[PDB]
Amino acid sequence: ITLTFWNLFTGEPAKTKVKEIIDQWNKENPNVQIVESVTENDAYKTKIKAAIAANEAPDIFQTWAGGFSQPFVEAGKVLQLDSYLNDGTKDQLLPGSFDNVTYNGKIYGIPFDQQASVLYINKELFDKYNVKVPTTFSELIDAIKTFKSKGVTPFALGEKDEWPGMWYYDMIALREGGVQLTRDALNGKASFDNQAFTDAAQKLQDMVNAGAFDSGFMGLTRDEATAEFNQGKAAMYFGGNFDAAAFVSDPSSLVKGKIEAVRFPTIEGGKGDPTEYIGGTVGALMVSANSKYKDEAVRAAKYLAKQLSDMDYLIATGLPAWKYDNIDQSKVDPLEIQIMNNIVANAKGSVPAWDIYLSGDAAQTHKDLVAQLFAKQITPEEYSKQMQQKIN
Ligand SMILES: O[C@@H]1[C@@H](O)[C@H](O[C@@H]2CO[C@@H](O[C@@H]3CO[C@H](O)[C@H](O)[C@H]3O)[C@H](O)[C@H]2O)OC[C@H]1O
């Protein structure tokens, strides 16, 4: 039997590590082989949605739990997994790992990773100019102005694919409004046309106007921006913890041991708790409802998920969802540990990035309207009117 598996781990060392994880399975399972097809993140979203709709999805596929996957589950395209989870598997994952892969009270995925929002600081550049790490949004705007004045790009941001810049908006909205107001809006219990979301839009444009980003940032991908930051060409980078690898594990990086992870700053008058973050347990593997080899495919998905989780922890491409007592802490990068310590530990609450929590057209609307904010092609007030009108 040969199972197909799709994932998005395109960069090094993840691409090599995933291949190794698959090679090990294949050596230990002569009669159940896996073959993988690997597609860059943003093209993978297109690929997996089309495949699921056309009933040509692989046996096992990587996904984002929550809103992203909800249509696949509602269409009957995803194998329910409850009957395969009475074997002790649950106790091998961290508490609460399954919540986002549970729909209508039933489990449709095997979690493997958690996301968390991280402000990354180039300590070398901060020390060079004697800039303190900013802890408030006022301090952050002052730091942006200080770096800009020295000819140093304050933030490396690649906004072409829209979701990386959206992280900035969703965090600022979380600091302005708090987690409950974000959830209510995303769940349709509050209009998007609310002063906290408009204030967030203004603060995002305050970053642009202060010269936080390089002139051509709308033209750059995430990968191009992580290359900018790992070459030491920007003071700060903000986004997912998954980007950490580009800085401490990518062999091209010039900033290993120079990068610190901190929480996004507080905003004066904001209603959000300073420890709230954008993220949650949202990396999962799912099995296709139409797989010819359901039992083998779930066995393989259990194995893949644990190995991806351990890999994520070791190379800092993600925060593990599986317990990691088998892993030796001295082999883990200090930045990954720091993400756990500075962002995740003792956090009051969290919410996934809005394009994983929303689905389809609504997620796309938010990504495109945020991209207009960055481009100064919309006012904060019209942003919030249009969000309400286009979504609801
Ligand atoms: O829509 C956004 C998603 O696209 C985003 O997904 C993460 C993209 O980054 C992946 O990280 C990989 C780690 O290492 C490799 O070398 C790859 O090239 C990277 O793509 C994460 O695994 C995905 O979770 O999540 C947030 C969402 O807003």
# chains A, B, ... in the order shown; residues from 1 in each chain; ligands from 1
>>> select_by_dssp(residues="region 58-274 of chain A", states="strand (DSSP E or B)", output="ChimeraX atom specification")
/A:60-64,78,93,102-103,106-107,110-122,136,155,213,236-240,259-262,266
>>> residues_around(residues="residue 327 (chain A)", least_positions_apart="4", cutoff="10 Å", atoms="only C-alpha atoms", output="VMD selection string")
chain A and resid 310 to 311 313 to 314 323 331 to 332
>>> write_last_selection(atoms="C-alpha atoms", output="PDB file, in the first residue's frame")
ATOM      1  CA  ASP A 310       9.361  16.915  18.131  1.00  0.00           C
ATOM      2  CA  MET A 311      11.034  18.280  14.939  1.00  0.00           C
ATOM      3  CA  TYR A 313      10.550  21.851  18.988  1.00  0.00           C
ATOM      4  CA  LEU A 314      14.117  20.940  17.992  1.00  0.00           C
ATOM      5  CA  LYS A 323       4.543  16.045  25.013  1.00  0.00           C
ATOM      6  CA  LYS A 331      19.461  20.246  22.123  1.00  0.00           C
ATOM      7  CA  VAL A 332      16.681  22.835  21.781  1.00  0.00           C
TER       8      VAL A 332
END
>>> atom_distance(atom1="CA of residue 341 (chain A)", atom2="CA of residue 241 (chain A)")
12.4 Å
>>> closest_atom_pairs(of="chain A", to="ligand 1", cutoff="7 Å", atoms="only C-alpha atoms and all ligand atoms", output="JSON lines")
{"residue": "A:8", "atom": "CA", "partner": "ligand 1", "partner_atom_place_in_ligand_line": "20 (O)", "distance": 5.7}
{"residue": "A:9", "atom": "CA", "partner": "ligand 1", "partner_atom_place_in_ligand_line": "17 (C)", "distance": 4.1}
{"residue": "A:10", "atom": "CA", "partner": "ligand 1", "partner_atom_place_in_ligand_line": "18 (O)", "distance": 4.1}
{"residue": "A:11", "atom": "CA", "partner": "ligand 1", "partner_atom_place_in_ligand_line": "16 (O)", "distance": 3.1}
{"residue": "A:12", "atom": "CA", "partner": "ligand 1", "partner_atom_place_in_ligand_line": "16 (O)", "distance": 5.4}
{"residue": "A:13", "atom": "CA", "partner": "ligand 1", "partner_atom_place_in_ligand_line": "16 (O)", "distance": 6.7}
{"residue": "A:14", "atom": "CA", "partner": "ligand 1", "partner_atom_place_in_ligand_line": "16 (O)", "distance": 5.0}
{"residue": "A:15", "atom": "CA", "partner": "ligand 1", "partner_atom_place_in_ligand_line": "16 (O)", "distance": 6.3}
{"residue": "A:40", "atom": "CA", "partner": "ligand 1", "partner_atom_place_in_ligand_line": "18 (O)", "distance": 6.4}
{"residue": "A:41", "atom": "CA", "partner": "ligand 1", "partner_atom_place_in_ligand_line": "20 (O)", "distance": 5.1}
{"residue": "A:42", "atom": "CA", "partner": "ligand 1", "partner_atom_place_in_ligand_line": "4 (O)", "distance": 5.9}
{"residue": "A:163", "atom": "CA", "partner": "ligand 1", "partner_atom_place_in_ligand_line": "28 (O)", "distance": 5.5}
{"residue": "A:164", "atom": "CA", "partner": "ligand 1", "partner_atom_place_in_ligand_line": "28 (O)", "distance": 6.9}
{"residue": "A:167", "atom": "CA", "partner": "ligand 1", "partner_atom_place_in_ligand_line": "28 (O)", "distance": 6.8}
{"residue": "A:240", "atom": "CA", "partner": "ligand 1", "partner_atom_place_in_ligand_line": "26 (C)", "distance": 6.8}
{"residue": "A:242", "atom": "CA", "partner": "ligand 1", "partner_atom_place_in_ligand_line": "11 (O)", "distance": 5.1}
{"residue": "A:243", "atom": "CA", "partner": "ligand 1", "partner_atom_place_in_ligand_line": "11 (O)", "distance": 6.4}
{"residue": "A:245", "atom": "CA", "partner": "ligand 1", "partner_atom_place_in_ligand_line": "14 (O)", "distance": 6.7}
{"residue": "A:283", "atom": "CA", "partner": "ligand 1", "partner_atom_place_in_ligand_line": "24 (O)", "distance": 5.9}
{"residue": "A:317", "atom": "CA", "partner": "ligand 1", "partner_atom_place_in_ligand_line": "13 (C)", "distance": 4.6}
{"residue": "A:318", "atom": "CA", "partner": "ligand 1", "partner_atom_place_in_ligand_line": "22 (O)", "distance": 6.5}
{"residue": "A:353", "atom": "CA", "partner": "ligand 1", "partner_atom_place_in_ligand_line": "28 (O)", "distance": 4.9}
{"residue": "A:354", "atom": "CA", "partner": "ligand 1", "partner_atom_place_in_ligand_line": "28 (O)", "distance": 6.7}
{"residue": "A:355", "atom": "CA", "partner": "ligand 1", "partner_atom_place_in_ligand_line": "28 (O)", "distance": 5.4}
{"residue": "A:356", "atom": "CA", "partner": "ligand 1", "partner_atom_place_in_ligand_line": "28 (O)", "distance": 5.8}
>>> write_last_selection(atoms="N, CA, C and O atoms", output="tab-separated table (two decimals), in the first residue's frame")
chain	number	residue	atom	x	y	z
A	8	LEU	N	3.63	21.49	3.86
A	8	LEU	CA	4.21	22.71	3.33
A	8	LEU	C	5.59	22.98	3.77
A	8	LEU	O	6.03	24.12	3.71
A	9	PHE	N	6.29	21.96	4.35
A	9	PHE	CA	7.63	22.23	4.85
A	9	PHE	C	8.69	22.31	3.74
A	9	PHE	O	9.36	21.33	3.39
A	10	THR	N	8.79	23.49	3.16
A	10	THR	CA	9.61	23.68	1.98
A	10	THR	C	11.03	24.16	2.29
A	10	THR	O	11.91	23.91	1.55
A	11	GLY	N	11.18	24.90	3.37
A	11	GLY	CA	12.48	25.42	3.74
A	11	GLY	C	13.40	24.43	4.48
A	11	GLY	O	12.92	23.46	5.00
A	12	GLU	N	14.70	24.72	4.54
A	12	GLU	CA	15.69	23.86	5.25
A	12	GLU	C	15.90	24.44	6.67
A	12	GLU	O	15.86	25.64	6.85
A	13	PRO	N	16.11	23.60	7.69
A	13	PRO	CA	16.30	22.17	7.58
A	13	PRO	C	15.02	21.33	7.58
A	13	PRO	O	15.13	20.07	7.52
A	14	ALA	N	13.85	21.95	7.69
A	14	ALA	CA	12.58	21.18	7.79
A	14	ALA	C	12.39	20.23	6.64
A	14	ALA	O	12.03	19.08	6.83
A	15	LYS	N	12.67	20.68	5.40
A	15	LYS	CA	12.40	19.81	4.25
A	15	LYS	C	13.20	18.48	4.43
A	15	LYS	O	12.63	17.39	4.26
A	40	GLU	N	4.81	25.11	-1.26
A	40	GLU	CA	5.02	26.34	-0.49
A	40	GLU	C	3.65	26.76	0.18
A	40	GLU	O	2.63	26.75	-0.45
A	41	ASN	N	3.74	27.18	1.45
A	41	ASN	CA	2.60	27.70	2.22
A	41	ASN	C	1.44	28.31	1.46
A	41	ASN	O	0.31	27.78	1.50
A	42	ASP	N	1.67	29.47	0.83
A	42	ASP	CA	0.49	30.13	0.24
A	42	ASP	C	-0.07	29.35	-0.98
A	42	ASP	O	-1.31	29.26	-1.16
A	163	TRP	N	-1.19	37.76	4.60
A	163	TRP	CA	-1.35	37.24	5.93
A	163	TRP	C	-0.22	37.69	6.93
A	163	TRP	O	-0.50	37.91	8.07
A	164	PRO	N	1.03	37.90	6.45
A	164	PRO	CA	2.04	38.32	7.47
A	164	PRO	C	1.79	39.69	8.06
A	164	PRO	O	1.93	39.87	9.28
A	167	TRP	N	-1.15	39.67	10.67
A	167	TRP	CA	-0.76	39.42	12.05
A	167	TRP	C	-0.55	40.64	12.87
A	167	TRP	O	-0.93	40.68	14.08
A	240	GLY	N	4.70	34.85	13.35
A	240	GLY	CA	4.54	33.63	14.08
A	240	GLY	C	5.87	33.13	14.63
A	240	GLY	O	6.97	33.41	14.10
A	242	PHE	N	6.70	30.31	14.19
A	242	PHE	CA	7.17	29.35	13.18
A	242	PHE	C	8.33	29.86	12.35
A	242	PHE	O	9.08	29.06	11.73
A	243	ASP	N	8.44	31.19	12.32
A	243	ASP	CA	9.51	31.89	11.63
A	243	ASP	C	10.85	31.81	12.36
A	243	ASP	O	11.93	32.14	11.79
A	245	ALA	N	12.71	29.36	13.11
A	245	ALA	CA	13.69	28.62	12.36
A	245	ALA	C	14.48	29.36	11.34
A	245	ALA	O	15.70	29.05	11.19
A	283	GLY	N	-1.90	23.77	14.21
A	283	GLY	CA	-1.24	22.88	13.17
A	283	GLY	C	-1.83	21.47	13.38
A	283	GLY	O	-1.68	20.92	14.48
A	317	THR	N	10.69	25.45	14.11
A	317	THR	CA	9.70	25.72	13.07
A	317	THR	C	8.29	25.66	13.67
A	317	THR	O	7.32	25.94	12.99
A	318	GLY	N	8.16	25.34	14.95
A	318	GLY	CA	6.83	25.41	15.57
A	318	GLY	C	6.91	25.16	17.05
A	318	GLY	O	8.02	24.91	17.54
A	353	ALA	N	-4.84	33.54	14.43
A	353	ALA	CA	-4.85	34.62	13.41
A	353	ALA	C	-6.15	34.58	12.64
A	353	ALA	O	-6.72	33.50	12.43
A	354	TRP	N	-6.66	35.74	12.22
A	354	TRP	CA	-8.01	35.79	11.82
A	354	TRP	C	-8.26	35.01	10.53
A	354	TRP	O	-9.40	34.63	10.26
A	355	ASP	N	-7.24	34.83	9.68
A	355	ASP	CA	-7.46	34.07	8.43
A	355	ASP	C	-7.43	32.54	8.62
A	355	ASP	O	-7.66	31.81	7.63
A	356	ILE	N	-7.22	32.07	9.86
A	356	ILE	CA	-7.40	30.68	10.23
A	356	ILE	C	-8.73	30.58	11.02
A	356	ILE	O	-9.33	29.53	11.10
>>> closest_residue(among="A:124, A:117, A:211, A:74", to="residue 149 (chain A)", atoms="only C-alpha atoms")
A:211
>>> select_by_dssp(residues="region 228-370 of chain A", states="helix (DSSP H, G or I)", output="number ranges by chain")
A: 228-230, 241-248, 294-315, 329-331, 334-344, 354-357, 360-370
>>> residues_around(residues="residue 206 (chain A)", least_positions_apart="5", cutoff="12 Å", atoms="only C-alpha atoms", output="PyMOL selection string")
chain A and resi 137-138+140-142+144-145+169+172+199-201+211-213+373-374+376+379-380
>>> write_last_selection(atoms="N, CA and C atoms", output="PDB file, in the first residue's frame")
ATOM      1  N   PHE A 137       3.554  50.636  23.101  1.00  0.00           N
ATOM      2  CA  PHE A 137       3.445  51.031  21.710  1.00  0.00           C
ATOM      3  C   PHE A 137       4.096  52.384  21.477  1.00  0.00           C
ATOM      4  N   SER A 138       3.972  53.309  22.450  1.00  0.00           N
ATOM      5  CA  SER A 138       4.747  54.573  22.367  1.00  0.00           C
ATOM      6  C   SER A 138       6.243  54.393  22.223  1.00  0.00           C
ATOM      7  N   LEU A 140       7.604  51.694  21.031  1.00  0.00           N
ATOM      8  CA  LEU A 140       7.812  51.047  19.753  1.00  0.00           C
ATOM      9  C   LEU A 140       7.865  52.085  18.653  1.00  0.00           C
ATOM     10  N   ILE A 141       6.952  53.031  18.669  1.00  0.00           N
ATOM     11  CA  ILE A 141       7.030  54.091  17.600  1.00  0.00           C
ATOM     12  C   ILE A 141       8.333  54.905  17.745  1.00  0.00           C
ATOM     13  N   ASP A 142       8.732  55.187  18.995  1.00  0.00           N
ATOM     14  CA  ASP A 142      10.005  55.901  19.185  1.00  0.00           C
ATOM     15  C   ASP A 142      11.198  55.100  18.649  1.00  0.00           C
ATOM     16  N   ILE A 144      11.103  52.749  16.238  1.00  0.00           N
ATOM     17  CA  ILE A 144      11.040  52.797  14.804  1.00  0.00           C
ATOM     18  C   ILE A 144      11.696  54.111  14.271  1.00  0.00           C
ATOM     19  N   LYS A 145      11.377  55.228  14.920  1.00  0.00           N
ATOM     20  CA  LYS A 145      11.915  56.535  14.498  1.00  0.00           C
ATOM     21  C   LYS A 145      13.395  56.580  14.709  1.00  0.00           C
ATOM     22  N   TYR A 169      -2.043  43.626  12.361  1.00  0.00           N
ATOM     23  CA  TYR A 169      -3.367  44.223  12.676  1.00  0.00           C
ATOM     24  C   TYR A 169      -4.010  43.374  13.815  1.00  0.00           C
ATOM     25  N   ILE A 172      -2.570  44.066  17.126  1.00  0.00           N
ATOM     26  CA  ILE A 172      -2.867  45.410  17.649  1.00  0.00           C
ATOM     27  C   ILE A 172      -4.372  45.438  18.096  1.00  0.00           C
ATOM     28  N   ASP A 199      -9.422  52.009  15.958  1.00  0.00           N
ATOM     29  CA  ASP A 199      -8.188  52.468  16.636  1.00  0.00           C
ATOM     30  C   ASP A 199      -7.006  51.569  16.253  1.00  0.00           C
ATOM     31  N   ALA A 200      -7.216  50.248  16.208  1.00  0.00           N
ATOM     32  CA  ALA A 200      -6.145  49.355  15.742  1.00  0.00           C
ATOM     33  C   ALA A 200      -5.635  49.673  14.304  1.00  0.00           C
ATOM     34  N   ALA A 201      -6.573  49.974  13.410  1.00  0.00           N
ATOM     35  CA  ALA A 201      -6.262  50.312  12.041  1.00  0.00           C
ATOM     36  C   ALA A 201      -5.430  51.593  12.031  1.00  0.00           C
ATOM     37  N   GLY A 211       7.582  55.023   9.302  1.00  0.00           N
ATOM     38  CA  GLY A 211       8.623  54.491   8.432  1.00  0.00           C
ATOM     39  C   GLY A 211       9.092  53.128   8.988  1.00  0.00           C
ATOM     40  N   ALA A 212       8.158  52.354   9.521  1.00  0.00           N
ATOM     41  CA  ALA A 212       8.495  51.051  10.095  1.00  0.00           C
ATOM     42  C   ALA A 212       8.961  50.034   9.070  1.00  0.00           C
ATOM     43  N   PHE A 213       8.512  50.160   7.812  1.00  0.00           N
ATOM     44  CA  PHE A 213       8.782  49.153   6.788  1.00  0.00           C
ATOM     45  C   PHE A 213       9.579  49.745   5.661  1.00  0.00           C
ATOM     46  N   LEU A 373      -4.943  48.962   4.254  1.00  0.00           N
ATOM     47  CA  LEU A 373      -4.447  49.824   5.368  1.00  0.00           C
ATOM     48  C   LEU A 373      -2.926  50.105   5.201  1.00  0.00           C
ATOM     49  N   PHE A 374      -2.173  49.022   4.972  1.00  0.00           N
ATOM     50  CA  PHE A 374      -0.703  49.152   4.774  1.00  0.00           C
ATOM     51  C   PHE A 374      -0.341  50.081   3.608  1.00  0.00           C
ATOM     52  N   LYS A 376      -1.984  52.534   2.555  1.00  0.00           N
ATOM     53  CA  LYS A 376      -2.634  53.889   2.754  1.00  0.00           C
ATOM     54  C   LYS A 376      -3.660  54.095   1.635  1.00  0.00           C
ATOM     55  N   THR A 379      -8.982  54.525   4.797  1.00  0.00           N
ATOM     56  CA  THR A 379      -8.910  55.165   6.086  1.00  0.00           C
ATOM     57  C   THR A 379      -9.300  54.105   7.148  1.00  0.00           C
ATOM     58  N   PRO A 380      -8.896  54.308   8.423  1.00  0.00           N
ATOM     59  CA  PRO A 380      -9.294  53.371   9.504  1.00  0.00           C
ATOM     60  C   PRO A 380     -10.829  53.274   9.566  1.00  0.00           C
TER      61      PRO A 380
END
>>> residues_around(residues="residue 98 (chain A)", least_positions_apart="5", cutoff="12 Å", atoms="only C-alpha atoms", output="VMD selection string")
chain A and resid 65 to 66 81 to 82 85 89 to 93 103 105 to 114 280 to 285 321 to 322
>>> write_last_selection(atoms="C-alpha atoms", output="compact mmCIF listing (two decimals), in the first residue's frame")
# COMPACT_ATOMS: atom_id res chain seq x y z
CA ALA A 65 -7.45 23.68 12.55
CA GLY A 66 -10.50 25.86 13.25
CA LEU A 81 -11.08 10.17 14.42
CA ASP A 82 -12.84 9.51 17.78
CA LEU A 85 -8.43 7.83 19.86
CA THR A 89 -3.05 8.74 22.08
CA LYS A 90 -4.64 11.74 23.78
CA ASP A 91 -2.46 11.43 26.86
CA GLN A 92 0.58 11.87 24.67
CA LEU A 93 -0.43 15.40 23.70
CA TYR A 103 -16.40 20.12 15.42
CA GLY A 105 -18.41 17.48 19.42
CA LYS A 106 -16.40 15.07 17.28
CA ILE A 107 -12.64 15.00 16.50
CA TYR A 108 -11.47 15.36 12.89
CA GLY A 109 -7.69 15.81 13.18
CA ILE A 110 -4.44 14.88 14.94
CA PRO A 111 -2.86 18.09 16.29
CA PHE A 112 0.92 18.54 15.92
CA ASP A 113 1.75 22.24 16.61
CA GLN A 114 0.82 25.49 18.32
CA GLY A 280 -3.32 28.53 19.72
CA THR A 281 -3.10 24.84 18.78
CA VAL A 282 -3.81 25.11 15.11
CA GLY A 283 -1.24 22.88 13.17
CA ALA A 284 -2.96 19.47 12.48
CA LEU A 285 -2.92 16.47 10.18
CA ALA A 321 1.50 20.07 20.67
CA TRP A 322 2.83 16.59 21.70
>>> closest_residue(among="A:177, A:191, A:295, A:39", to="residue 386 (chain A)", atoms="only C-alpha atoms")
A:191
>>> closest_residue(among="A:309, A:80, A:198, A:146", to="residue 235 (chain A)", atoms="only C-alpha atoms")
A:146
>>> residues_around(residues="residue 128 (chain A)", least_positions_apart="3", cutoff="12 Å", atoms="only C-alpha atoms", output="list in words")
residues 122, 123, 124, 125, 131, 132, 146, 147, 150, 152 and 235 of chain A
>>> atom_distance(atom1="CA of residue 83 (chain A)", atom2="CA of residue 55 (chain A)")
23.2 Å
>>> atom_distance(atom1="CA of residue 22 (chain A)", atom2="CA of residue 297 (chain A)")
13.3 Å
>>> closest_atom_pairs(of="region 173-252 of chain A", to="region 261-266 of chain A", cutoff="10 Å", atoms="only C-alpha atoms", output="JSON lines")
{"residue": "A:175", "atom": "CA", "partner": "A:266", "partner_atom": "CA", "distance": 6.5}
{"residue": "A:176", "atom": "CA", "partner": "A:266", "partner_atom": "CA", "distance": 8.8}
{"residue": "A:236", "atom": "CA", "partner": "A:261", "partner_atom": "CA", "distance": 9.8}
{"residue": "A:237", "atom": "CA", "partner": "A:261", "partner_atom": "CA", "distance": 9.6}
{"residue": "A:238", "atom": "CA", "partner": "A:264", "partner_atom": "CA", "distance": 8.2}
{"residue": "A:239", "atom": "CA", "partner": "A:264", "partner_atom": "CA", "distance": 9.8}
{"residue": "A:241", "atom": "CA", "partner": "A:261", "partner_atom": "CA", "distance": 8.9}
{"residue": "A:244", "atom": "CA", "partner": "A:261", "partner_atom": "CA", "distance": 9.0}
>>> closest_residue(among="A:274, A:67, A:88, A:232", to="residue 120 (chain A)", atoms="only C-alpha atoms")
A:232
>>> residues_around(residues="residue 215 (chain A)", least_positions_apart="3", cutoff="12 Å", atoms="only C-alpha atoms", output="short mmCIF file (atom, residue, chain, number, x, y, z; two decimals) with N, CA and C atoms, in the first residue's frame")
data_model
loop_
_atom_site.label_atom_id
_atom_site.label_comp_id
_atom_site.auth_asym_id
_atom_site.auth_seq_id
_atom_site.Cartn_x
_atom_site.Cartn_y
_atom_site.Cartn_z
N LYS A 148 15.03 54.33 12.00
CA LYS A 148 14.88 54.94 10.67
C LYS A 148 15.94 56.05 10.52
N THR A 153 16.50 49.64 8.70
CA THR A 153 15.06 49.22 8.50
C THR A 153 14.48 48.77 9.87
N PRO A 154 13.43 49.45 10.36
CA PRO A 154 12.96 48.99 11.71
C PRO A 154 12.38 47.58 11.72
N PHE A 155 11.50 47.30 10.75
CA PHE A 155 10.83 45.97 10.64
C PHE A 155 11.05 45.36 9.30
N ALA A 156 11.46 44.08 9.28
CA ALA A 156 11.42 43.28 8.03
C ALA A 156 10.02 42.65 7.82
N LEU A 157 9.26 43.11 6.81
CA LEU A 157 7.89 42.63 6.61
C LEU A 157 7.75 42.41 5.13
N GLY A 158 7.18 41.26 4.83
CA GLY A 158 6.85 40.87 3.43
C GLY A 158 5.33 40.73 3.33
N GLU A 159 4.73 41.75 2.74
CA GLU A 159 3.23 41.85 2.74
C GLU A 159 2.55 41.38 1.48
N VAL A 208 3.15 52.51 9.70
CA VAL A 208 3.58 52.79 8.35
C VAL A 208 4.12 54.22 8.24
N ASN A 209 3.36 55.17 8.78
CA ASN A 209 3.71 56.57 8.63
C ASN A 209 5.02 56.91 9.33
N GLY A 211 7.58 55.02 9.30
CA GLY A 211 8.62 54.49 8.43
C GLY A 211 9.09 53.13 8.99
N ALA A 212 8.16 52.35 9.52
CA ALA A 212 8.50 51.05 10.09
C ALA A 212 8.96 50.03 9.07
N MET A 218 5.49 45.79 0.29
CA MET A 218 4.24 45.18 -0.20
C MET A 218 4.54 44.17 -1.30
N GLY A 219 5.71 44.30 -1.89
CA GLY A 219 6.15 43.42 -2.96
C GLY A 219 6.84 42.16 -2.48
N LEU A 220 7.18 42.07 -1.19
CA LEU A 220 7.99 40.94 -0.65
C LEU A 220 7.14 39.88 0.03
N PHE A 374 -2.17 49.02 4.97
CA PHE A 374 -0.70 49.15 4.77
C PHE A 374 -0.34 50.08 3.61
N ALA A 375 -1.19 50.07 2.59
CA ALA A 375 -0.88 50.75 1.33
C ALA A 375 -1.37 52.20 1.42
#
>>> residues_around(residues="region 26-34 of chain A", least_positions_apart="3", cutoff="10 Å", atoms="only C-alpha atoms", output="ChimeraX atom specification")
/A:1-5,20-23,59-60,293,296-297,300
>>> write_last_selection(atoms="N, CA, C and O atoms", output="CSV table (one decimal), in the first residue's frame")
chain,number,residue,atom,x,y,z
A,1,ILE,N,0.9,-1.2,0.0
A,1,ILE,CA,0.0,0.0,0.0
A,1,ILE,C,0.9,1.2,0.0
A,1,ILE,O,2.0,1.2,0.7
A,2,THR,N,0.5,2.3,-0.8
A,2,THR,CA,1.2,3.5,-0.7
A,2,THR,C,0.2,4.7,-0.4
A,2,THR,O,-0.7,5.0,-1.1
A,3,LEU,N,0.5,5.3,0.8
A,3,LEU,CA,-0.3,6.5,1.2
A,3,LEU,C,0.3,7.7,0.7
A,3,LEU,O,1.5,7.9,0.7
A,4,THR,N,-0.5,8.7,0.3
A,4,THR,CA,0.0,10.0,0.0
A,4,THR,C,-0.2,11.0,1.2
A,4,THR,O,-1.1,10.9,1.9
A,5,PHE,N,0.8,11.9,1.3
A,5,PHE,CA,0.9,12.9,2.4
A,5,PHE,C,1.3,14.2,1.8
A,5,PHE,O,2.4,14.3,1.1
A,20,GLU,N,13.4,12.7,6.2
A,20,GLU,CA,14.0,11.7,7.1
A,20,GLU,C,13.0,11.0,7.9
A,20,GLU,O,13.0,9.7,8.1
A,21,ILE,N,12.0,11.7,8.4
A,21,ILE,CA,10.9,11.2,9.2
A,21,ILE,C,10.1,10.2,8.4
A,21,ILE,O,9.8,9.1,8.8
A,22,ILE,N,9.8,10.6,7.1
A,22,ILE,CA,9.2,9.7,6.1
A,22,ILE,C,10.1,8.5,5.8
A,22,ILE,O,9.6,7.4,5.7
A,23,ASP,N,11.3,8.7,5.7
A,23,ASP,CA,12.3,7.5,5.3
A,23,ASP,C,12.2,6.5,6.4
A,23,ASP,O,12.2,5.3,6.2
A,59,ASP,N,-4.3,10.9,1.1
A,59,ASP,CA,-4.7,10.2,2.3
A,59,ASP,C,-4.5,11.1,3.6
A,59,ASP,O,-5.4,11.1,4.5
A,60,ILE,N,-3.4,11.8,3.7
A,60,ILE,CA,-3.1,12.6,4.9
A,60,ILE,C,-2.6,14.0,4.4
A,60,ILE,O,-1.8,14.1,3.5
A,293,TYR,N,-7.5,3.5,2.6
A,293,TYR,CA,-6.7,2.8,3.6
A,293,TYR,C,-6.8,3.6,4.9
A,293,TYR,O,-5.8,4.0,5.4
A,296,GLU,N,-4.7,2.5,8.1
A,296,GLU,CA,-3.2,2.7,7.9
A,296,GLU,C,-2.9,4.2,7.9
A,296,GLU,O,-1.9,4.6,8.4
A,297,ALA,N,-3.9,4.9,7.3
A,297,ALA,CA,-3.6,6.4,7.2
A,297,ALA,C,-3.7,7.0,8.5
A,297,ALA,O,-2.9,7.9,8.8
A,300,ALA,N,-0.4,6.2,10.4
A,300,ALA,CA,0.6,7.0,9.8
A,300,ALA,C,0.5,8.4,10.3
A,300,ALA,O,1.6,9.0,10.7
>>> closest_atom_pairs(of="region 40-101 of chain A", to="region 286-290 of chain A", cutoff="7 Å", atoms="only C-alpha atoms", output="CSV")
residue,atom,partner,partner_atom,distance
A:57,CA,A:288,CA,6.6
A:58,CA,A:288,CA,6.6
A:59,CA,A:288,CA,5.3
A:60,CA,A:287,CA,4.6
A:61,CA,A:286,CA,5.4
A:62,CA,A:286,CA,6.4
A:63,CA,A:286,CA,7.0
A:76,CA,A:289,CA,7.0
A:77,CA,A:289,CA,5.0
A:78,CA,A:289,CA,4.5
A:79,CA,A:289,CA,4.2
>>> write_last_selection(atoms="C-alpha atoms", output="mmCIF file, in the first residue's frame")
data_model
loop_
_atom_site.group_PDB
_atom_site.id
_atom_site.type_symbol
_atom_site.label_atom_id
_atom_site.label_comp_id
_atom_site.auth_asym_id
_atom_site.auth_seq_id
_atom_site.Cartn_x
_atom_site.Cartn_y
_atom_site.Cartn_z
ATOM 1 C CA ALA A 57 -7.194 15.030 -1.650
ATOM 2 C CA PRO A 58 -4.343 12.853 -0.331
ATOM 3 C CA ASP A 59 -4.671 10.221 2.339
ATOM 4 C CA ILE A 60 -3.075 12.613 4.876
ATOM 5 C CA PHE A 61 -2.779 16.353 4.664
ATOM 6 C CA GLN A 62 -1.438 19.161 6.794
ATOM 7 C CA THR A 63 -3.989 21.799 7.658
ATOM 8 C CA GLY A 76 -17.968 15.276 4.821
ATOM 9 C CA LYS A 77 -14.500 15.249 3.373
ATOM 10 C CA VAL A 78 -12.586 14.480 6.596
ATOM 11 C CA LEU A 79 -12.446 11.157 8.472
#
